[PDB]
């Protein structure tokens, strides 16, 4: 079984009834795929199968689904043009309209909107089906991440590349220039990148290196870089207050940042409007702050949408908080939740995987 909820007005959840699905509901069509990954963008959902196949559902505008054309679909639809490739991971931002896909051969495919050079093909021409990024061929790529207007990947050697919109420093090349093809982030050389996340709007980028250090750069508004105040920067800089804490994952939602530790702690910081941070007030938070509503709960996975979070613990409790205008919190309402709250309908369901898109949410058990 795979449970899905939240906004479903354009087929986001792959075939179930209701423009808003306000309680976790079985999504049979997604379950039949036995996905190894589910990840959503702006009104979209992508599924990766065990045999490396890619399916998409939801809003088709701009060629964001990668199935061909711009029609929307309401059932998981095979990306046929790439079925000869074994895909192991898709990257899409919760608020994004383009994807990266990583093959077993360490190559990157991209599709969707092409504004700002985010597809990485050396121009701003849209690709409605997945296309290999040629300038990365011969380099073993091992991870991919996507922002609202930018893109990133990590190589076997631990090097980071970013590309797309340069404004406000999100690429990290010490300037504001757009990059139409992947460009090595030189300031991080000598540190091995092990996790990467990219934001939306006037965006930040976050990463984790293997020396127990978290980095942030790009747009500073609302404190989402985590160094106090609101100054942006154009080159990776450490968030010193996270050093030594055993961070294992970073994520970005809309104007906010998240870290999960080996110990199971969740930290959030950035824009506080609409309760996205989960601290129990809408104040902006300008340095990483532990989410005290998850104190002593051993969180093993977290996912962000634009304005909401979902996470699960070792024992299968699922928590959401943030905005609920589309029912994405899964409590039967469209009322915001200020602090993490257990998802009642999932109690007993043994969930160990969670995912989001812009305003929709999935949870399941392997």
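Numbering follows the first chain given and starts at 1.
- Comparing 78-86 with 141-149, the one whose average Cα B-factor in the PDB entry is higher: The stretch with the larger average C-alpha B-factor is 78-86.
- Between the two ranges 12-20 and 350-358, the one averaging a larger CA B factor in the entry: The stretch with the larger mean CA B-factor is 12-20.
- Message: Highest Cα temperature factor in the entry, among the options 178, 251, 134, 195: which one is it?
- Response: Largest recorded C-alpha B-factor: 134.
- Can you pull the Cα B-factors for 304, 313, 70, 320 from the entry and say which is highest? When the deposited C-alpha B-factors of 304, 313, 70, 320 are compared, 70 is largest.
- Modelled-residue ranking by C-alpha temperature factor, third containing residue 36: As the PDB entry reports it, the C-alpha B-factor of residue 36 lands in the highest third of its chain.
- What third of its chain, lowest, middle or highest, does the C-alpha temperature factor of residue 299 fall into? Lowest third, going by the recorded CA B-factors of the chain.
- Message: Per the entry's values, where does residue 50 land by CA temperature factor relative to the rest of its chain, in the lowest, middle or highest third?
- Response: According to the entry, residue 50 has a C-alpha B-factor in the chain's highest third.
- Message: For the chain shown, is the CA B-factor of residue 268 in the lowest, middle or highest third of its modelled residues?
- Response: Its C-alpha B-factor, which the entry lists for residue 268, ranks in the lowest third among residues of this chain.
- Query: Thinking about Cα B factors across the chain, which third does residue 191 belong to?
  - Reply: Residue 191: CA B-factor falls in the highest third of its chain.
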